[PDB]
């Protein structure tokens, strides 16, 4: 069973003014002349972390990472203006074009997989391979599974906390009930909601509950951009033309090699979506983790991913 490569530090860090309002933070790790790869974090609004630098062999890969609009160390933090799927797809191109690469491997998990697919289907010719994890297709049943009813059945105990953040009579469409609070003018009001919404994902992303992950998720500065940008994208349905758009346009990525790693007990994004993606994109290798959850840092998911990365290097 493979593990993450050793802790590394970017040989270059910077900023890219994508438009007159958003400035993205980017960085590069590994071999400056190695095989190019762009890291797409989840959330949306989560931002990359140091651990995300370790999925690729720094000898063979030129690892490119960056924070998506209003996410992490990109400004303005938690901004919902012009923070849309097709904007993020254009940004990936601005970066690519800016760094001088023609084609590159797209690595993404959770929302990252949603962005990787949207990006690849919009720009097939600039994608060498796709390394997806914890597939999220953003169809309403997926959103509702996590935020309305579904995982609530396995995590009743944690669910009570998410629920309590909303008054009984508004509990019929929890996502919008949260949107009204995460968008409130009162800072206290949107904070209580952002923490409740953020923790929930923190409490259900690993087969075994990770106390530090939960806690890191109730951090007011993280909670704010995560919950707001997450809920923002969900309430608007990913800005897709039609709910099943990623499946509908999957034919554009037909000849793009790739791996689909997904944990069987992933209650954040059910295996269902990886199954459906697989049937629509046969050329990819579905690798199901027998006893893992959503997170990319589950031993089996890490193993599968590192193997995947080495396989294309």
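Positions refer to the first chain, counted from 1.
Relative to one another, 211 to 219 and 84 to 92 have unequal mean CA B-factors, and 211 to 219 is the one with the higher figure.
A summary of the deposited B-factors shows that, of 194 to 202 and 144 to 152, the stretch with the larger mean C-alpha value is 194 to 202. Highest CA B-factor among the listed residues (266, 244, 276, 50): 50.
In this entry, the residue among 262, 56, 69, 248 with the greatest C-alpha B factor is 56.
Among the modelled residues of the chain, residue 128 sits in the highest third by CA temperature factor in this PDB entry. Ranked against the other modelled residues of its chain, the C-alpha B-factor of residue 254 as given in the entry falls in the highest third.
Annotation for residue 75: CA B-factor lies in the middle third of the chain's modelled residues. Residue 44 sits in the middle third of its chain by CA B factor, as recorded in the PDB entry.
When the modelled residues of the chain are ordered by C-alpha B-factor, residue 114 sits in the lowest third.
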